[PDB]
Every structure is written in C-alpha cells, then in structure tokens.
C-alpha cells in the first residue's frame, strides 16, 4: 500500500522535510540547506509513514541527497523522524 504522492514538492511535504532536517541539524550538530523533495511515498502505519528522498546542501551549492522516514499523526500534529541518511 505504498502509494507515491503525486505532488512530492508541495508545501506540506516540504514542511515535513524541513522538520526532518531541523531534527538532524540539532541531532548530529550540523546545518544543512533544505534544497527540496525528489520523491515522497506513503504507507498507513499507525498513522502514516512517509518515506522522502529529499535534497540538501553543504557550503554554497555543494549538494547531497538524503532519505528520511517520518511517522506522522497529523490529527495530532505529531511527526517523528524515524531515520535519515545520505545516499
């Protein structure tokens, strides 16, 4: 039941992404730049598990592509980064 979400770049998805990156920053002690979502998949877990291939940056335009799993319960504003890693 992994459904591709059709507008992977929309505002919500990107708020997710920005959350994941915020949490990484404050986790592994380092600020990366948000650039934007490459893909966004959906699965009904206890709420909804979102698996995002997203893109960020080092120095000026020194890019890199990460992946994040985030567990959301939007009917609670609850969101939790379950994993994040650069490819």
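Residue numbers count along the first chain shown, from 1.
Between 41-49 and 55-63, it is 55-63 that carries the larger average Cα temperature factor according to the deposited entry. Note on 67-75 vs 8-16: mean CA B-factor is higher in 8-16. Among the modelled residues of its chain, residue 2 has a C-alpha B-factor that falls in the middle third, as given in the PDB entry. For residue 86, the recorded CA temperature factor ranks within the middle third of the chain's modelled residues.
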